[PDB]
$ cat entry.cif   # mmCIF, C-alpha atoms and all ligand atoms
data_run
loop_
_atom_site.label_atom_id
_atom_site.label_comp_id
_atom_site.auth_asym_id
_atom_site.auth_seq_id
_atom_site.Cartn_x
_atom_site.Cartn_y
_atom_site.Cartn_z
CA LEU A 6 1.35 10.12 0.79
CA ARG A 7 3.16 9.23 4.00
CA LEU A 8 3.23 5.92 5.85
CA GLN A 9 2.04 4.96 9.30
CA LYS A 10 4.86 4.46 11.80
CA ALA A 11 4.96 1.95 14.66
CA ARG A 12 7.40 0.52 17.18
CA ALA A 13 7.41 -3.13 18.22
CA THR A 14 6.38 -3.66 21.84
CA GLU A 15 6.25 -6.84 23.89
CA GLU A 16 2.46 -6.71 23.44
CA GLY A 17 2.31 -5.79 19.74
CA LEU A 18 2.73 -2.57 17.75
CA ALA A 19 2.52 0.95 19.17
CA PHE A 20 1.66 3.30 16.31
CA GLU A 21 2.92 6.88 16.62
CA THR A 22 0.74 8.06 13.71
CA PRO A 23 -3.05 8.57 13.74
CA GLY A 24 -4.03 6.09 11.03
CA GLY A 25 -2.69 3.23 13.16
CA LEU A 26 -2.83 -0.38 12.05
CA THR A 27 -6.15 0.18 10.27
CA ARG A 28 -4.55 2.57 7.79
CA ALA A 29 -1.44 0.39 7.45
CA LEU A 30 -3.53 -2.64 6.44
CA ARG A 31 -5.19 -0.55 3.73
CA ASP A 32 -1.83 0.90 2.64
CA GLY A 33 -0.29 -2.57 2.49
CA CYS A 34 2.78 -1.22 4.30
CA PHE A 35 4.08 0.85 7.20
CA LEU A 36 7.29 2.03 8.87
CA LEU A 37 8.70 0.03 11.80
CA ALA A 38 11.34 1.40 14.16
CA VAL A 39 14.58 -0.55 14.09
CA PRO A 40 14.72 -2.09 17.59
CA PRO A 41 17.40 -0.90 20.03
CA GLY A 42 20.65 -2.82 19.64
CA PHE A 43 19.82 -4.17 16.17
CA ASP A 44 22.93 -4.28 13.95
CA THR A 45 22.37 -3.58 10.25
CA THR A 46 26.09 -3.87 9.46
CA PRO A 47 26.01 -7.55 8.32
CA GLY A 48 23.28 -6.81 5.77
CA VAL A 49 24.98 -3.70 4.42
CA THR A 50 28.25 -5.64 4.16
CA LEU A 51 26.55 -8.54 2.35
CA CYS A 52 24.89 -6.18 -0.14
CA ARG A 53 28.27 -4.60 -0.98
CA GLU A 54 30.12 -7.94 -1.24
CA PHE A 55 27.96 -10.88 -2.28
CA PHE A 56 28.37 -10.36 -6.05
CA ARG A 57 32.17 -10.12 -5.97
CA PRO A 58 34.66 -13.01 -6.04
CA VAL A 59 36.11 -14.35 -2.81
CA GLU A 60 39.68 -13.50 -3.86
CA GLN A 61 38.72 -9.88 -4.61
CA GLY A 62 38.41 -8.13 -1.27
CA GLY A 63 39.64 -8.16 2.29
CA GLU A 64 40.08 -11.31 4.34
CA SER A 65 37.85 -10.06 7.18
CA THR A 66 34.75 -10.23 4.93
CA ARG A 67 35.62 -13.35 2.92
CA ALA A 68 32.41 -15.04 4.13
CA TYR A 69 30.34 -12.28 2.46
CA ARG A 70 31.72 -12.80 -1.07
CA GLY A 71 31.43 -15.45 -3.75
CA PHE A 72 27.70 -16.16 -3.67
CA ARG A 73 27.82 -16.39 -7.47
CA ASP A 74 29.56 -19.76 -6.96
CA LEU A 75 27.04 -21.26 -4.54
CA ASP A 76 24.25 -23.30 -6.11
CA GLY A 77 20.72 -21.92 -6.41
CA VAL A 78 21.05 -18.74 -4.31
CA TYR A 79 22.40 -16.07 -6.70
CA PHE A 80 20.21 -14.56 -9.42
CA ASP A 81 21.18 -12.09 -12.16
CA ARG A 82 18.02 -10.46 -13.54
CA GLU A 83 18.60 -9.96 -17.26
CA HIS A 84 16.08 -7.16 -17.90
CA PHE A 85 16.48 -5.20 -14.64
CA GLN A 86 19.23 -3.49 -12.65
CA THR A 87 18.98 -5.97 -9.78
CA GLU A 88 21.18 -8.94 -8.96
CA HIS A 89 20.47 -10.68 -5.70
CA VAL A 90 20.94 -13.47 -3.20
CA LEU A 91 17.75 -15.34 -2.27
CA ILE A 92 18.27 -17.93 0.43
CA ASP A 93 16.17 -19.93 2.88
CA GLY A 94 16.78 -20.95 6.48
CA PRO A 95 18.88 -24.07 5.81
CA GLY A 96 20.90 -22.14 3.23
CA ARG A 97 21.74 -19.46 5.79
CA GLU A 98 22.80 -22.15 8.28
CA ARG A 99 25.27 -23.49 5.71
CA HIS A 100 26.43 -20.28 4.01
CA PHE A 101 25.94 -17.23 6.26
CA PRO A 102 28.52 -16.22 8.87
CA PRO A 103 27.20 -16.19 12.44
CA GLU A 104 26.65 -12.43 12.80
CA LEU A 105 24.72 -12.32 9.51
CA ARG A 106 22.69 -15.38 10.49
CA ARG A 107 21.81 -13.60 13.75
CA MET A 108 20.65 -10.43 12.02
CA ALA A 109 18.49 -12.37 9.53
CA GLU A 110 16.99 -14.32 12.47
CA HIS A 111 16.22 -11.03 14.25
CA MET A 112 14.46 -9.69 11.13
CA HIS A 113 12.35 -12.85 10.78
CA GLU A 114 11.52 -12.59 14.50
CA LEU A 115 10.26 -9.05 13.89
CA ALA A 116 8.26 -10.19 10.87
CA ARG A 117 6.65 -12.99 12.88
CA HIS A 118 5.85 -10.49 15.64
CA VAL A 119 4.09 -8.29 13.07
CA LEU A 120 2.19 -11.31 11.76
CA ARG A 121 1.02 -12.25 15.27
CA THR A 122 0.05 -8.63 16.00
CA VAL A 123 -2.10 -8.36 12.88
CA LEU A 124 -3.77 -11.73 13.49
CA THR A 125 -4.54 -10.55 17.03
CA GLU A 126 -6.01 -7.25 15.83
CA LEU A 127 -8.16 -8.89 13.14
CA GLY A 128 -9.72 -11.24 15.70
CA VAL A 129 -8.35 -14.51 14.35
CA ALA A 130 -8.70 -17.11 17.10
CA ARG A 131 -5.35 -17.68 18.82
CA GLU A 132 -5.74 -21.46 18.60
CA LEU A 133 -5.95 -21.33 14.77
CA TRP A 134 -2.92 -19.13 13.94
CA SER A 135 -0.64 -22.11 13.30
CA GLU A 136 -3.20 -23.86 11.08
CA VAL A 137 -4.19 -20.73 9.15
CA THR A 138 -0.58 -19.81 8.35
CA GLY A 139 0.83 -23.30 7.86
CA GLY A 140 3.04 -22.78 10.90
CA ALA A 141 4.61 -19.62 9.45
CA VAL A 142 3.44 -17.73 12.54
CA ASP A 143 5.68 -20.00 14.66
CA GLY A 144 8.76 -19.80 12.43
CA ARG A 145 8.18 -23.04 10.52
CA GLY A 146 7.19 -21.53 7.19
CA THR A 147 9.72 -20.81 4.49
CA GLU A 148 11.79 -17.90 5.79
CA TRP A 149 13.50 -16.23 2.83
CA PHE A 150 16.23 -13.62 3.04
CA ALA A 151 17.12 -11.42 0.07
CA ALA A 152 20.09 -9.14 -0.57
CA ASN A 153 19.58 -6.84 -3.56
CA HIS A 154 22.25 -4.90 -5.46
CA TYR A 155 20.95 -2.38 -8.00
CA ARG A 156 23.50 -2.02 -10.79
CA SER A 157 23.01 1.62 -11.79
CA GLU A 158 25.17 1.15 -14.90
CA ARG A 159 22.36 -0.94 -16.42
CA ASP A 160 19.87 1.19 -18.39
CA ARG A 161 16.88 -0.78 -17.08
CA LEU A 162 14.12 -0.57 -14.49
CA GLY A 163 15.38 -1.21 -10.97
CA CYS A 164 13.01 -4.03 -10.05
CA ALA A 165 10.00 -5.55 -11.77
CA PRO A 166 6.58 -4.68 -10.32
CA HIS A 167 5.35 -7.46 -8.07
CA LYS A 168 3.58 -8.48 -4.91
CA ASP A 169 5.57 -10.43 -2.36
CA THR A 170 4.16 -13.94 -2.12
CA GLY A 171 4.19 -14.52 1.66
CA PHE A 172 2.69 -12.99 4.79
CA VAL A 173 5.08 -10.29 6.07
CA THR A 174 8.22 -8.67 4.65
CA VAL A 175 10.68 -6.62 6.72
CA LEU A 176 12.80 -4.48 4.41
CA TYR A 177 15.86 -2.31 4.99
CA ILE A 178 16.39 0.58 2.55
CA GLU A 179 18.52 3.73 2.69
CA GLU A 180 17.64 5.35 -0.65
CA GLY A 181 14.58 6.39 -2.61
CA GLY A 182 13.29 4.46 -5.60
CA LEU A 183 10.71 2.10 -4.12
CA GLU A 184 7.20 2.88 -5.36
CA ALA A 185 3.77 1.49 -4.53
CA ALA A 186 0.70 1.23 -6.76
CA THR A 187 -2.17 3.17 -5.15
CA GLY A 188 -5.06 4.07 -7.38
CA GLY A 189 -3.86 3.95 -10.97
CA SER A 190 -0.54 5.59 -10.16
CA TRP A 191 2.79 4.82 -8.52
CA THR A 192 3.48 6.55 -5.19
CA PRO A 193 7.01 6.81 -3.73
CA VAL A 194 7.95 4.86 -0.61
CA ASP A 195 10.94 6.77 0.72
CA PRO A 196 13.29 5.66 3.52
CA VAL A 197 13.00 7.13 7.01
CA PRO A 198 16.07 7.14 9.31
CA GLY A 199 15.85 4.54 12.06
CA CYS A 200 13.05 2.52 10.40
CA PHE A 201 12.43 -0.62 8.41
CA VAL A 202 9.73 -0.73 5.75
CA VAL A 203 7.20 -3.50 6.42
CA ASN A 204 4.82 -4.75 3.75
CA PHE A 205 2.31 -7.57 3.47
CA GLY A 206 2.24 -10.25 0.78
CA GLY A 207 -0.18 -12.31 -1.26
CA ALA A 208 -0.71 -15.05 1.31
CA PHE A 209 -1.90 -12.53 3.93
CA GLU A 210 -4.20 -10.92 1.35
CA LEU A 211 -5.66 -14.31 0.42
CA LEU A 212 -6.16 -15.20 4.09
CA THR A 213 -8.08 -12.04 4.98
CA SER A 214 -10.07 -10.89 1.93
CA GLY A 215 -13.39 -11.55 3.68
CA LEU A 216 -12.61 -9.72 6.93
CA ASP A 217 -13.69 -6.24 8.03
CA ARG A 218 -10.13 -4.97 7.43
CA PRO A 219 -8.57 -7.09 4.67
CA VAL A 220 -4.79 -7.10 4.46
CA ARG A 221 -3.64 -5.65 1.14
CA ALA A 222 -0.59 -7.14 -0.53
CA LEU A 223 1.56 -4.21 -1.67
CA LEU A 224 2.11 -4.02 -5.42
CA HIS A 225 5.51 -2.37 -5.69
CA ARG A 226 8.48 -1.75 -7.97
CA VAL A 227 11.84 0.04 -7.88
CA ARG A 228 12.41 2.77 -10.44
CA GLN A 229 15.57 2.96 -12.51
CA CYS A 230 18.44 4.08 -10.30
CA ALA A 231 20.41 7.06 -11.56
CA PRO A 232 24.00 6.20 -12.54
CA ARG A 233 26.60 6.59 -9.80
CA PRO A 234 29.80 4.84 -8.60
CA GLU A 235 29.31 1.16 -7.78
CA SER A 236 30.30 1.59 -4.13
CA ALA A 237 27.30 3.95 -3.87
CA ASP A 238 24.79 1.73 -5.70
CA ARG A 239 21.34 1.36 -4.20
CA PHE A 240 20.93 -1.79 -2.10
CA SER A 241 18.26 -3.42 0.02
CA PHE A 242 17.88 -6.54 2.12
CA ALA A 243 14.74 -8.13 3.46
CA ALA A 244 13.34 -11.04 5.44
CA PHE A 245 10.14 -12.72 4.20
CA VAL A 246 7.87 -14.98 6.27
CA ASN A 247 6.13 -17.29 3.78
CA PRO A 248 3.89 -20.34 4.11
CA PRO A 249 5.72 -23.68 3.95
CA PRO A 250 6.36 -25.12 0.48
CA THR A 251 3.50 -27.63 0.72
CA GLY A 252 0.18 -28.07 2.48
CA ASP A 253 -3.03 -26.11 2.73
CA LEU A 254 -3.52 -22.70 4.23
CA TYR A 255 -6.97 -21.64 5.46
CA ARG A 256 -8.97 -18.52 4.67
CA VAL A 257 -10.44 -16.81 7.74
CA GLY A 258 -14.19 -16.27 7.92
CA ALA A 259 -16.04 -13.28 9.33
CA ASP A 260 -16.53 -15.08 12.67
CA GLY A 261 -12.87 -16.03 13.15
CA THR A 262 -13.33 -19.59 11.87
CA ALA A 263 -10.55 -21.05 9.75
CA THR A 264 -12.94 -21.86 6.91
CA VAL A 265 -12.10 -23.00 3.39
CA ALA A 266 -8.67 -24.41 2.57
CA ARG A 267 -6.43 -22.95 -0.12
CA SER A 268 -3.71 -24.96 -1.85
CA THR A 269 -0.27 -23.39 -1.56
CA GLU A 270 0.77 -24.78 -4.95
CA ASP A 271 -2.37 -23.58 -6.73
CA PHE A 272 -1.77 -20.20 -5.07
CA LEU A 273 1.86 -19.93 -6.20
CA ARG A 274 0.70 -21.12 -9.63
CA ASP A 275 -2.02 -18.49 -10.07
CA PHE A 276 0.50 -15.99 -8.69
CA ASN A 277 3.11 -16.69 -11.38
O1 LIG B 1 14.70 -2.72 -3.16
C1 LIG B 1 13.55 -2.48 -2.72
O2 LIG B 1 13.26 -1.41 -2.16
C2 LIG B 1 12.46 -3.52 -2.88
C3 LIG B 1 13.03 -4.91 -2.66
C4 LIG B 1 11.93 -5.92 -2.90
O3 LIG B 1 10.86 -5.51 -3.32
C5 LIG B 1 12.18 -7.35 -2.66
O4 LIG B 1 13.35 -7.76 -2.46
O5 LIG B 1 11.22 -8.16 -2.66
FE FE B 2 9.12 -7.05 -2.90
#

$ encode --input "entry.cif" --output "structure tokens" --more "lines below"
Ligand SMILES: O=C(O)CCC(=O)C(=O)O
Ligand SMILES: [Fe+2]
Amino acid sequence: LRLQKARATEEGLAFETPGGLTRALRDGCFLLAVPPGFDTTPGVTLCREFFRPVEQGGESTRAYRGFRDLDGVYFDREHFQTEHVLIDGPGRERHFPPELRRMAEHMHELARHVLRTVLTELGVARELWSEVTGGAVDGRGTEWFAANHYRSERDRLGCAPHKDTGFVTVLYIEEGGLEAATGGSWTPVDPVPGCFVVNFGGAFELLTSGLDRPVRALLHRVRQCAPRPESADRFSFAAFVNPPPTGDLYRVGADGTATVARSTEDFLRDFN
């Protein structure tokens, strides 16, 4: 039922639970302590504001509203409760206020630290990390940030079932509703105070399917949120470390060699 829990150290991940990283790789997810001094306020503010007009709200948070009017970053899902902002690095440079930019950067830093820690533990040669991940390990992949608002007034599922497409996702949640497919059933992934949820995506699963401990990409969904006042709607925000939009990645062989190449576009294609 319950997830492994770790804290990020300078050297990697210190797991406080017995299953350690081995169990977390099988689970496709684990709990990660929010680092000391990390400020979640910008993300919570964005999730309460991004879908409202700039004129409708206080002046102090004007930079957090009006994302419906930007081009290519706001998405209203027609058959689900979620509406969201999905934005890459250059978009955040142009459209996020500095404190929000800093928090997203800190979350991507954590996600890259997780990626490096798992590559270390699986025995991937240090000199091939950049090649194998298309530079995502060094912060030169596509680094997506998502802010999700679950509109509980919609009589729909919260979020479609899916696997994340990239390597590592660092997710902030405060409410139940997230579920993971284990066996032929959905299992709840509930929030734990003082923790992020971390999950792995399809690119990490593709990279490692031949290793002694393959990384599983978590198949997950969000169940329909029960109706409640909008100011108390379920929200989440997350940073995703993905391969770059073009180029080859490389599957890792049993002896640590970066072996066969895999096309990022054929991968995204066969994904969806
Ligand atoms: O809201 C959640 O708990 C899940 C969010 C998610 O799966 C995503 O944004 O990719
Ligand atoms: Fe997801």

$ closest_atom_pairs --input "entry.cif" --of "chain A" --to "ligand LIG 1 (chain B)" --cutoff "7 Å" --atoms "only C-alpha atoms and all ligand atoms" --output "Markdown table"
| residue | atom | partner | partner_atom | distance |
| --- | --- | --- | --- | --- |
| A:151 | CA | B:LIG1 | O4 | 5.8 |
| A:153 | CA | B:LIG1 | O4 | 6.4 |
| A:169 | CA | B:LIG1 | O5 | 6.1 |
| A:178 | CA | B:LIG1 | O2 | 6.0 |
| A:182 | CA | B:LIG1 | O2 | 6.8 |
| A:183 | CA | B:LIG1 | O2 | 4.8 |
| A:225 | CA | B:LIG1 | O3 | 6.6 |
| A:226 | CA | B:LIG1 | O3 | 6.4 |
| A:227 | CA | B:LIG1 | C1 | 6.0 |
| A:240 | CA | B:LIG1 | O1 | 6.4 |
| A:241 | CA | B:LIG1 | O1 | 4.8 |
| A:242 | CA | B:LIG1 | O4 | 6.6 |
| A:243 | CA | B:LIG1 | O4 | 6.1 |

$ atom_distance --input "entry.cif" --atom1 "atom CA of residue A:141" --atom2 "atom FE of ligand FE 2 (chain B)"
18.2 Å

$ residues_near_ligand --input "entry.cif" --ligand "ligand FE 2 (chain B)" --cutoff "9 Å" --atoms "all atoms listed in the file" --output "mmCIF file with C-alpha atoms, keeping the file's coordinate frame"
data_model
loop_
_atom_site.group_PDB
_atom_site.id
_atom_site.type_symbol
_atom_site.label_atom_id
_atom_site.label_comp_id
_atom_site.auth_asym_id
_atom_site.auth_seq_id
_atom_site.Cartn_x
_atom_site.Cartn_y
_atom_site.Cartn_z
ATOM 1 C CA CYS A 164 13.010 -4.030 -10.050
ATOM 2 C CA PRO A 166 6.580 -4.680 -10.320
ATOM 3 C CA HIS A 167 5.350 -7.460 -8.070
ATOM 4 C CA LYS A 168 3.580 -8.480 -4.910
ATOM 5 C CA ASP A 169 5.570 -10.430 -2.360
ATOM 6 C CA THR A 170 4.160 -13.940 -2.120
ATOM 7 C CA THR A 174 8.220 -8.670 4.650
ATOM 8 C CA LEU A 176 12.800 -4.480 4.410
ATOM 9 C CA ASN A 204 4.820 -4.750 3.750
ATOM 10 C CA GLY A 206 2.240 -10.250 0.780
ATOM 11 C CA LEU A 223 1.560 -4.210 -1.670
ATOM 12 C CA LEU A 224 2.110 -4.020 -5.420
ATOM 13 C CA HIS A 225 5.510 -2.370 -5.690
ATOM 14 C CA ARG A 226 8.480 -1.750 -7.970
ATOM 15 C CA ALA A 243 14.740 -8.130 3.460
#

$ closest_atom_pairs --input "entry.cif" --of "stretch 199-225 of chain A" --to "stretch 26-48 of chain A" --cutoff "7 Å" --atoms "all atoms listed in the file" --output "tab-separated table"
residue	atom	partner	partner_atom	distance
A:199	CA	A:39	CA	5.6
A:200	CA	A:38	CA	4.3
A:201	CA	A:37	CA	5.1
A:202	CA	A:36	CA	4.8
A:203	CA	A:34	CA	5.4
A:204	CA	A:34	CA	4.1
A:205	CA	A:33	CA	5.7
A:219	CA	A:30	CA	7.0
A:220	CA	A:30	CA	5.0
A:221	CA	A:33	CA	4.7
A:222	CA	A:33	CA	5.5
A:223	CA	A:33	CA	4.8

$ residues_around --input "entry.cif" --residues "residue A:11" --least-positions-apart "3" --cutoff "6 Å" --atoms "only C-alpha atoms" --output "tab-separated table (two decimals) with C-alpha atoms, in the frame of the given file"
chain	number	residue	atom	x	y	z
A	18	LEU	CA	2.73	-2.57	17.75
A	19	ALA	CA	2.52	0.95	19.17
A	20	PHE	CA	1.66	3.30	16.31
A	21	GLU	CA	2.92	6.88	16.62
A	37	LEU	CA	8.70	0.03	11.80

$ build_atoms --input "entry.cif" --residues "stretch 146-164 of chain A" --atoms "N, CA, C and O atoms" --output "CSV table (one decimal), in the coordinates of the input"
chain,number,residue,atom,x,y,z
A,146,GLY,N,7.4,-21.7,8.6
A,146,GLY,CA,7.2,-21.5,7.2
A,146,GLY,C,8.5,-21.5,6.5
A,146,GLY,O,9.6,-21.8,7.0
A,147,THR,N,8.5,-21.1,5.2
A,147,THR,CA,9.7,-20.8,4.5
A,147,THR,C,10.1,-19.4,4.8
A,147,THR,O,9.4,-18.4,4.6
A,148,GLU,N,11.3,-19.2,5.4
A,148,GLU,CA,11.8,-17.9,5.8
A,148,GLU,C,12.9,-17.5,4.9
A,148,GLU,O,14.1,-17.8,5.0
A,149,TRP,N,12.6,-16.7,3.8
A,149,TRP,CA,13.5,-16.2,2.8
A,149,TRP,C,14.2,-15.0,3.3
A,149,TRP,O,13.7,-14.1,4.0
A,150,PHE,N,15.5,-14.8,2.9
A,150,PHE,CA,16.2,-13.6,3.0
A,150,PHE,C,16.8,-13.2,1.7
A,150,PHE,O,17.3,-14.1,0.9
A,151,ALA,N,16.7,-11.9,1.4
A,151,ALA,CA,17.1,-11.4,0.1
A,151,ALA,C,18.1,-10.3,0.3
A,151,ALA,O,17.8,-9.4,1.1
A,152,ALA,N,19.2,-10.3,-0.5
A,152,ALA,CA,20.1,-9.1,-0.6
A,152,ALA,C,20.1,-8.7,-2.0
A,152,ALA,O,20.4,-9.4,-2.9
A,153,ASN,N,19.8,-7.4,-2.2
A,153,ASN,CA,19.6,-6.8,-3.6
A,153,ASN,C,20.7,-5.8,-3.8
A,153,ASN,O,20.9,-4.9,-3.0
A,154,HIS,N,21.3,-5.9,-5.0
A,154,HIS,CA,22.2,-4.9,-5.5
A,154,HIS,C,21.7,-4.3,-6.8
A,154,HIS,O,21.6,-5.1,-7.8
A,155,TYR,N,21.5,-3.0,-6.8
A,155,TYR,CA,21.0,-2.4,-8.0
A,155,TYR,C,22.1,-1.8,-8.8
A,155,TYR,O,22.8,-0.9,-8.3
A,156,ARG,N,22.4,-2.4,-10.0
A,156,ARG,CA,23.5,-2.0,-10.8
A,156,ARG,C,23.1,-0.8,-11.6
A,156,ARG,O,22.4,-0.9,-12.6
A,157,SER,N,23.5,0.4,-11.1
A,157,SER,CA,23.0,1.6,-11.8
A,157,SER,C,23.6,1.8,-13.2
A,157,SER,O,23.1,2.6,-13.9
A,158,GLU,N,24.6,1.0,-13.5
A,158,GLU,CA,25.2,1.2,-14.9
A,158,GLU,C,24.3,0.5,-15.9
A,158,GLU,O,24.4,0.8,-17.1
A,159,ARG,N,23.3,-0.3,-15.5
A,159,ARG,CA,22.4,-0.9,-16.4
A,159,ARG,C,21.2,0.0,-16.7
A,159,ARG,O,20.6,0.6,-15.8
A,160,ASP,N,20.9,0.3,-18.0
A,160,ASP,CA,19.9,1.2,-18.4
A,160,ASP,C,18.5,0.4,-18.4
A,160,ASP,O,17.9,0.3,-19.5
A,161,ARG,N,18.1,0.0,-17.2
A,161,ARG,CA,16.9,-0.8,-17.1
A,161,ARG,C,16.1,-0.3,-15.9
A,161,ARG,O,16.6,0.5,-15.0
A,162,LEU,N,14.9,-0.8,-15.7
A,162,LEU,CA,14.1,-0.6,-14.5
A,162,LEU,C,14.8,-1.2,-13.3
A,162,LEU,O,15.6,-2.2,-13.5
A,163,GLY,N,14.7,-0.7,-12.1
A,163,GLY,CA,15.4,-1.2,-11.0
A,163,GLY,C,14.9,-2.6,-10.6
A,163,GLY,O,15.7,-3.5,-10.5
A,164,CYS,N,13.6,-2.8,-10.5
A,164,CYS,CA,13.0,-4.0,-10.0
A,164,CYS,C,11.6,-4.1,-10.7
A,164,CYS,O,10.9,-3.2,-10.7
